[PDB]
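In the authors' numbering, the protein residues as written are 1 to 186, 245 to 330, 336 to 491, 504 to 662, 691 to 700, 707 to 728, 736 to 794.
From the three backbone atoms N, C-alpha and C, an ideal C-beta is built for every residue, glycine too.
Note sheet for the following structure.
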């Protein structure tokens with residue numbers, strides 16, 4: 001109709017005025033609106049973008065000229081409003097409605113975006129925004145400021161009328177590398251054969267090989283040699299036990315991928336009937352607690368079903384662990400029934416040392432484990448040590464202690480602001508990746524909320540995000556101050572607030588920025604001191620300078636604690652006269696600086718890595741570890757010793773003859789039944 005088209009555009013008023021910027025569709029409304037109303041709208045756009053979309057909508061609903069409604073829809077498609085043209089032409093706004101939760105969220109998390117680069121985001125989010133929206137950002141972003149830019153972008157992304165946009169944003173944030181905001185948006247080798255041999259020869263094995271040498275592989279080699287040399291009637295079943303839920307699934311898929319094609323039935327039972340799955344399957348990858356339960360339960364009471372049990376991370380076979388509960392049952396089926404037990408295969412990185420002080424106590428520990436599993440031989444690479452070590456250069460870890468900064472008054476000045484800000488956030504343990512993680516945890520909690528008074532809830536979250544964002548910055552700044560120079564710390568915050576100001580600059584944001592600037596001139600004065608020199612850093616620069624004389628064609632990779640620090644350290648190396656010669660890159692360049700997580710490289714230097722290293726290092737040969745914490749120097753000294761002792765034990769055990777070994781094991785199993793009867 002005509003009086004129907006004006007009633008139906010009045011009832012759905014809200015949706016149109018909260019998406020359309022009218023000054024884009026006014027070129028193609030050239031006939032029906034006068035020239036005084038196309039101008040008085042564009043002066044209102046300068047006050048309200050939605051205020052302008054309420055003056056255009058008014059002076060259209062009073063209009064009567066020949067089918068202005070058809071020129072509107074044509075003009076809207078003209079501007080680029082495809083989801084509005086469909087919404088108002090099919091009278092179904094369900095798509096524009098479903099955005100209105102994501103719009104409420106974005107504004108809620110806007111505090112997270114401040115420092116995101118709108119230019120780098122534009123191509124990925126382009127189909128969401130209108131023609132002249134895209135190019136207005138670009139102007140603000142270049143001419144004025146990058147924060148003023150991203151603020152404008154997220155204005156327009158709320159005024160977006162395109163169901164696909166929240167998805168496009170998520171892929172935008174993912175690909176441009178803004179993981180934080182994004183996450184918040186929602245045939246064998248020789249040594250391998252050697253390892254497998256005793257198990258191929260039917261013996262209950264415990265494969266002790268290091269991680270990444272390919273234990274899962276040898277285990278699938280053992281399998282295709284188990285089905286192959288399976289005698290007479292008996293059909294083979296195999297059980298692959300894995301401790302953790304993900305570990306389990308990677309394997310379930312490994313075995314699925316490899317063995318299904320050969321004709322086998324490969325299923326994987328897990329926490330999320337046992338009987339049929341087991342007898343219909345040729346290979347079964349499983350969580351251990353599933354067997355234990357469906358044994359005690361009664362679904363299965365015969366461990367003779369399987370011809371081979373593989374135990375991943377088998378050093379867990381002690382105490383109440385289900386492997387030990389499953390092997391408890393295995394050991395009475397050996398003793399009592401004397402029927403047909405399966406072959407055992409144990410896979411482990413390291414059999415451990417328990418509480419052993421000596422190689423003697425260790426042997427007793429290692430043996431004890433082997434008893435629990437009923438092992439007959441411990442398989443470790445011994446002939447192809449050459450080939451293994453080549454296949455994975457376990458770096459030697461030259462570990463350096465390094466004196467740190469005794470007083471850090473910048474630190475204390477920041478801490479107090481963090482404490483104030485926390486307590487202000489309460490109205491509505505610092506310098507650590509604990510704190511970092513705490514913010515990530517607190518933020519995901521505001522992302523959720525969605526409680527009752529959405530307007531009051533909108534303001535409470537908005538605020539919580541501002542604060543957590545600031546705390547996170549301050550947090551990052553302390554760290555910068557402790558591993559890098561104090562000027563890098565100060566800078567880092569200065570540059571932040573200079574953004575905060577260019578951003579939306581909320582009532583709160585003002586306060587905080589103010590509260591900082593109160594303290595500013597102290598911090599400034601701290602940077603200017605020859606007192607802000609940071610020996611920890613001086614030591615790293617001297618480790619590096621030593622690392623370019625015993626070899627000046629060295630190609631170093633240096634791991635810093637945070638991102639913030641990579642950029643801080645980059646300056647620090649540039650400015651230092653000791654690494655005068657060296658210009659440092661970031662992730691021609693012989694000193695690349697990356698952060699704690707495939708660049709070709711020479712010597713690796715971990716700069717305060719809280720935790721073990723060989724694991725960090727795999728995502736040639738030479739590796740330094742600069743810590744200030746003795747705790748970690750005497751920790752990863754205590755490991756070297758316990759691993760080196762374990763090996764002496766294992767090789768000593770390996771040099772026994774079958775007889776002694778199978779007997780020793782057999783004793784320890786016996787002593788255990790003798791302590792079950794008492």
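Minimum C-alpha distance to residue i - residue among the options
i: residue 278; options: 108, 790 and 372; result: 372
i: residue 474; options: 595, 79, 72 and 344; result: 595
i: residue 125; options: 99, 172 and 140; result: 172
i: residue 56; options: 34, 130 and 745; result: 34
i: residue 623; options: 694, 661, 592 and 644; result: 694
i: residue 617; options: 641, 597 and 654; result: 654
i: residue 486; options: 466, 538, 506 and 88; result: 538
i: residue 602; options: 555, 586, 581 and 648; result: 555
i: residue 142; options: 577, 614 and 775; result: 577
i: residue 523; options: 137, 186, 42 and 384; result: 186
i: residue 755; options: 743, 403 and 723; result: 723
i: residue 411; options: 442, 377 and 527; result: 377
i: residue 764; options: 587, 428, 108 and 402; result: 428
i: residue 575; options: 109, 3, 337 and 115; result: 115
i: residue 491; options: 83, 531, 644 and 59; result: 531
i: residue 100; options: 85, 164, 89 and 66; result: 164
i: residue 133; options: 111, 156 and 118; result: 156
i: residue 446; options: 747, 252, 109 and 697; result: 252
i: residue 409; options: 565, 257 and 354; result: 257
Distance CB(residue i)-CB(residue j) smaller than 9 Å
i: residue 18; j: residue 53; result: yes
i: residue 432; j: residue 488; result: no
i: residue 370; j: residue 283; result: no
i: residue 344; j: residue 306; result: no
i: residue 426; j: residue 769; result: yes
i: residue 140; j: residue 148; result: yes
i: residue 271; j: residue 249; result: yes
i: residue 745; j: residue 775; result: no
i: residue 130; j: residue 80; result: yes
i: residue 632; j: residue 710; result: yes
i: residue 169; j: residue 518; result: no
i: residue 9; j: residue 88; result: yes
i: residue 298; j: residue 265; result: no
i: residue 657; j: residue 461; result: no
i: residue 743; j: residue 464; result: yes
i: residue 561; j: residue 479; result: no
i: residue 301; j: residue 356; result: no
Residue i in three-state terms, based on DSSP
i: residue 160; result: coil
i: residue 372; result: strand
i: residue 414; result: coil
i: residue 439; result: coil
i: residue 266; result: strand
i: residue 408; result: strand
i: residue 731; result: Gap in the chain between 728 and 736; residue 731 lies inside it and carries no coordinates.
i: residue 258; result: helix
i: residue 615; result: helix
i: residue 504; result: coil
i: residue 351; result: helix
i: residue 126; result: coil
i: residue 603; result: coil
i: residue 245; result: coil
i: residue 641; result: helix
i: residue 455; result: coil
i: residue 569; result: helix
i: residue 724; result: helix
i: residue 330; result: coil
i: residue 579; result: coil
i: residue 623; result: coil
i: residue 356; result: helix
Opposing strand residues paired with residue i [DSSP bridges]
i: residue 716; result: 742
i: residue 634; result: 697 and 715
i: residue 463; result: 742
i: residue 660; result: 695
i: residue 346; result: 296 and 324
Would you mind listing the beta strand (DSSP E) stretches within the stretch 748-790 that are 3+ residues and don't spill past its ends, in chain order? For the stretch 748-790, not a single whole beta strand (DSSP E) run of length 3 or above is found.
Could you tell me which whole alpha helix (DSSP H) segments of length 4 or greater appear in the stretch 272-327? If only uninterrupted alpha helix (DSSP H) runs of at least 4 residues are considered, those enclosed by the stretch 272-327 are 273-282 and 303-317.
Minimum length 4: unbroken alpha helix (DSSP H) runs contained in the stretch 513-565: The qualifying runs are 529-558.
Could you pull out every unbroken alpha helix (DSSP H) segment of at least 4 residues lying fully inside the stretch 15-95, listed in chain order? Runs found: 37-45, 49-52, 58-61, 68-79 and 82-89.
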